[PDB]
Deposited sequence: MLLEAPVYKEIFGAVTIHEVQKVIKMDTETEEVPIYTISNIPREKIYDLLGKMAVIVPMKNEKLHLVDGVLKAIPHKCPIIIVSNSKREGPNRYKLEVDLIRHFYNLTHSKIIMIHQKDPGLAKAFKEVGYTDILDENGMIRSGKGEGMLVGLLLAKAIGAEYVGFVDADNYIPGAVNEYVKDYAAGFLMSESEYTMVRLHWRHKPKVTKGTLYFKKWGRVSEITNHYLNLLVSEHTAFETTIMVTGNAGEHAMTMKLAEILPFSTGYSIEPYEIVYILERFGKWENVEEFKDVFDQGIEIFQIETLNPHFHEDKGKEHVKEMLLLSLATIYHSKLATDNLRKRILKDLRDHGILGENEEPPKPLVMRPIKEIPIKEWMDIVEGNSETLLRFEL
């Protein structure tokens, strides 16, 4: 693959944010990431697909588009009764596997075997009040991340299951790889770029207020399509809903944007954190969920920044003016401390929905 070379970037403490780079040529002042080395990295990357009540036909297209090389991790939070959509998804995955021999793990977010595993290792931020896994995208992602960690993945890439364009999914995974192949830190994040303009406006404002120089470096504030090395992923606290993506940025800037407590994450401060932003060649066509979603998305997004400890009054004032105070985003602790072998054994010993195919 050919891409614009990573030239311009902005540094905030230990955080390097690379300017957005366009994919120049798909199949191969320009960076040349040979097809050969991309495929080589693919085998070390788990593609996590969090889904919830999506049309099977879209799900089918997405799964078929993921490079065979990549282990697929599906976390469903689909409706369980009247009708059991989880069952329909299971039938779909079984058929898909019978025709492709894809390496796949799937599990339902509400499996009581999952709740049991988290309680026993003493990680309870993911549990709701009835002691079951809380409903939500961030929760499903966390579950997916632990499963990816349990199979030894070095990189994890997330892709939404409601994409109308299978080929874009195929490109996303390759672009994540390209991004990882262009970085020099083991702590790397790759975010894809095609309200989000509102979100980016404020994220940049979050840093501007301190530097005194207006910036537009961040253009992936709401990027659902992103990937990270497992080393970075395991140390990040995670929020949920529409706050996940922007919270990753806010948290990284908050914690590593200055040299405070370097002692606690000495290796991260040493290597630094790299954030690549890649503009895909394919446009973005997904399901239209109605606007009580769009409104939600912006409320949660700006709330994440509004509550950041980096937010000055000016910033807070403006966010309010632009939008009662915004609810504080629910944040869950990093999963690093979790003894993975132990967690995994409890999961596979008590989960009634966990399905594995060559993995």
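- Unmodelled regions of the deposited chain sequence (numbering from residue 1, in sequence order): 29 to 36, 203 to 220, 350 to 358.
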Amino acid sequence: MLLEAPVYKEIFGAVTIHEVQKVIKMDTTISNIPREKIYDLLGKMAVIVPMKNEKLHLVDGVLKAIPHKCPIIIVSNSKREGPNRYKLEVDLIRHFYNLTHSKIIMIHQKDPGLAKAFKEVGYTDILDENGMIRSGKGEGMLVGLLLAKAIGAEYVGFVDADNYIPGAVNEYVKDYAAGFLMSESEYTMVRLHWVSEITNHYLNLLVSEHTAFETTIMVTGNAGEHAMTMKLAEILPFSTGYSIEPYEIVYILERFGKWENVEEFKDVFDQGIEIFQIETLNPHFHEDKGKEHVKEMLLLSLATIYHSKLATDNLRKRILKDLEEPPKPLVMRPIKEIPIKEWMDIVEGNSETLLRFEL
From here on, numbers count along this sequence of modelled residues.
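- Higher mean CA temperature factor, per the PDB entry, when comparing 255 to 263 with 184 to 192: 255 to 263.
- Remark: stretch with higher mean C-alpha B factor among 150 to 158 and 208 to 216 is 208 to 216.
- Take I17, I338, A14, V20 and read off each C-alpha B-factor from the entry; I338 has the highest.
- Note on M332, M26, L58, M51: the highest value goes to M26, judged by CA B factor as recorded.
- Among the modelled residues of its chain, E197 has a C-alpha B-factor that falls in the highest third, as given in the PDB entry.
- For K289, the recorded CA B-factor ranks within the highest third of the chain. Only modelled residues enter the ranking.
- The PDB entry assigns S239 a C-alpha temperature factor belonging to the middle third of its chain's modelled residues.
- Per the PDB record, residue ranking by Cα B-factor puts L99 in the middle third of the chain.
- Per the PDB record, residue ranking by Cα B-factor puts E248 in the lowest third of the chain.
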